[PDB]
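Reviewing the structure listed below.
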Protein chains: 2
Amino acid sequence: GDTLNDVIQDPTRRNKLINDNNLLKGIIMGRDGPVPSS
Amino acid sequence: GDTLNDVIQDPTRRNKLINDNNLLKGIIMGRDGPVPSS
């Protein structure tokens with residue numbers, strides 16, 4: 001029964017969560033709609 | 001048949017219980033409703 005705490009305490013899992021969710025990247029509000037920035 | 005006593009006597013399980021339930025964190029009473037503080 002792992003939670004976000006177990007993910008955050010592990011650098012590999014924390015960075016996987018950060019990367020897979022684009023948490024370091026802003027969002028481009030284009031006229032066609034929002035898209036994550038690369 | 002473990003109880004809260006077995007959880008509390010073990011530092012790992014006690015801290016898992018504390019962390020997974022935000023027991024050290026207050027609650028923000030916003031106009032949209034209560035939310036746990038980070």
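Letters for chains follow the order of the structure tokens (A, B, ...), residue numbers begin at 1 for each chain, and ligand numbers begin at 1 in the order shown.
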
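Near chain A, within 9 Å and using only C-alpha atoms, the residues of chain B are residues 16, 19 and 20 of chain B.
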
May I have the residues from that selection written out with N, CA and C atoms, as a PDB file, in the first residue's frame?
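Wrote result_19.pdb, looks like this:
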```pdb
ATOM      1  N   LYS B  16       4.617   5.761   9.015  1.00  0.00           N
ATOM      2  CA  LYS B  16       3.772   5.568   7.842  1.00  0.00           C
ATOM      3  C   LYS B  16       2.342   5.999   8.126  1.00  0.00           C
ATOM      4  N   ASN B  19       2.313   9.852   8.261  1.00  0.00           N
ATOM      5  CA  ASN B  19       2.500  10.495   6.966  1.00  0.00           C
ATOM      6  C   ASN B  19       1.295  10.301   6.058  1.00  0.00           C
ATOM      7  N   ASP B  20       0.790   9.070   5.965  1.00  0.00           N
ATOM      8  CA  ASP B  20      -0.295   8.781   5.036  1.00  0.00           C
ATOM      9  C   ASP B  20      -1.600   9.443   5.432  1.00  0.00           C
TER      10      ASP B  20
END
```

Would you mind aligning chain B to chain A, a least-squares fit over all C-alpha atoms taken in order, and returning the superposed chain as a PDB file with C-alpha atoms, in the first residue's frame?
```pdb
ATOM      1  CA  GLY B   1       0.004   0.017   0.041  1.00  0.00           C
ATOM      2  CA  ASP B   2       2.374   2.679  -1.250  1.00  0.00           C
ATOM      3  CA  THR B   3       1.339   6.326  -1.321  1.00  0.00           C
ATOM      4  CA  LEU B   4       2.805   9.553  -2.688  1.00  0.00           C
ATOM      5  CA  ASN B   5       5.098   9.587   0.349  1.00  0.00           C
ATOM      6  CA  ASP B   6       6.822   6.376  -0.726  1.00  0.00           C
ATOM      7  CA  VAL B   7       7.160   7.750  -4.258  1.00  0.00           C
ATOM      8  CA  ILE B   8       8.599  11.080  -3.120  1.00  0.00           C
ATOM      9  CA  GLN B   9      11.114   9.558  -0.700  1.00  0.00           C
ATOM     10  CA  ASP B  10      12.676   7.506  -3.525  1.00  0.00           C
ATOM     11  CA  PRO B  11      14.658   9.653  -6.003  1.00  0.00           C
ATOM     12  CA  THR B  12      14.012   7.285  -8.911  1.00  0.00           C
ATOM     13  CA  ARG B  13      10.257   7.120  -8.318  1.00  0.00           C
ATOM     14  CA  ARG B  14      10.039  10.834  -7.523  1.00  0.00           C
ATOM     15  CA  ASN B  15      11.784  11.733 -10.764  1.00  0.00           C
ATOM     16  CA  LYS B  16       9.659   9.255 -12.714  1.00  0.00           C
ATOM     17  CA  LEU B  17       6.555  10.961 -11.331  1.00  0.00           C
ATOM     18  CA  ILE B  18       7.951  14.398 -12.181  1.00  0.00           C
ATOM     19  CA  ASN B  19       8.945  13.393 -15.719  1.00  0.00           C
ATOM     20  CA  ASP B  20       5.871  11.377 -16.699  1.00  0.00           C
ATOM     21  CA  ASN B  21       3.612  14.276 -15.691  1.00  0.00           C
ATOM     22  CA  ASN B  22       5.577  17.214 -17.168  1.00  0.00           C
ATOM     23  CA  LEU B  23       5.655  18.856 -13.752  1.00  0.00           C
ATOM     24  CA  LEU B  24       8.677  21.020 -14.600  1.00  0.00           C
ATOM     25  CA  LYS B  25       7.138  22.270 -17.855  1.00  0.00           C
ATOM     26  CA  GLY B  26       4.669  25.083 -18.407  1.00  0.00           C
ATOM     27  CA  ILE B  27       1.539  25.028 -20.535  1.00  0.00           C
ATOM     28  CA  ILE B  28       1.187  26.862 -23.852  1.00  0.00           C
ATOM     29  CA  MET B  29      -2.244  28.522 -24.067  1.00  0.00           C
ATOM     30  CA  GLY B  30      -2.640  28.500 -27.819  1.00  0.00           C
ATOM     31  CA  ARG B  31      -5.795  29.443 -29.676  1.00  0.00           C
ATOM     32  CA  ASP B  32      -6.258  25.735 -30.431  1.00  0.00           C
ATOM     33  CA  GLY B  33      -6.094  24.912 -26.718  1.00  0.00           C
ATOM     34  CA  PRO B  34      -3.580  24.248 -23.955  1.00  0.00           C
ATOM     35  CA  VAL B  35      -0.629  21.998 -24.724  1.00  0.00           C
ATOM     36  CA  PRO B  36       2.289  21.045 -22.445  1.00  0.00           C
ATOM     37  CA  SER B  37       5.612  22.647 -23.266  1.00  0.00           C
ATOM     38  CA  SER B  38       8.637  20.540 -24.141  1.00  0.00           C
TER      39      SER B  38
END
```

| request: Can you check which residues of chain B DSSP gives as strand (DSSP E or B) on the backbone and send them as a ChimeraX atom specification? | output: /B:27-30,33-36

Save the residues we just selected, N, CA, C and O atoms, as a compact mmCIF listing (two decimals), in the first residue's frame?
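So the final result, stored in selection.txt, reads:
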```txt
# COMPACT_ATOMS: atom_id res chain seq x y z
N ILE B 27 -5.37 22.07 8.51
CA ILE B 27 -6.39 22.07 7.48
C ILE B 27 -6.73 23.51 7.11
O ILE B 27 -7.00 24.33 7.99
N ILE B 28 -6.71 23.81 5.82
CA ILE B 28 -7.01 25.14 5.31
C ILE B 28 -8.52 25.20 5.09
O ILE B 28 -9.06 24.44 4.29
N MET B 29 -9.19 26.09 5.82
CA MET B 29 -10.63 26.30 5.69
C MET B 29 -10.87 27.38 4.65
O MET B 29 -11.16 28.54 4.96
N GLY B 30 -10.75 27.00 3.39
CA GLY B 30 -11.05 27.91 2.31
C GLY B 30 -12.54 28.00 2.03
O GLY B 30 -13.34 27.17 2.48
N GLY B 33 -13.98 24.99 0.66
CA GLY B 33 -14.00 23.83 1.52
C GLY B 33 -12.66 23.55 2.16
O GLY B 33 -11.64 24.15 1.83
N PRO B 34 -12.65 22.63 3.13
CA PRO B 34 -11.40 22.30 3.82
C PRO B 34 -10.48 21.47 2.94
O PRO B 34 -10.91 20.53 2.28
N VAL B 35 -9.19 21.81 2.97
CA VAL B 35 -8.19 21.01 2.27
C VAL B 35 -6.98 20.82 3.18
O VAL B 35 -6.59 21.76 3.88
N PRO B 36 -6.34 19.66 3.19
CA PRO B 36 -5.15 19.49 4.03
C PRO B 36 -4.01 20.37 3.56
O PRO B 36 -3.83 20.61 2.36
```

| query | Out of chain B, which residues get helix (DSSP H, G or I) from DSSP, as a list in words? | reply |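 Result set for chain B (helix (DSSP H, G or I)): residues 4, 5, 6, 7, 8, 9, 11, 12, 13, 14, 15, 16, 17, 18, 19 and 20 of chain B.
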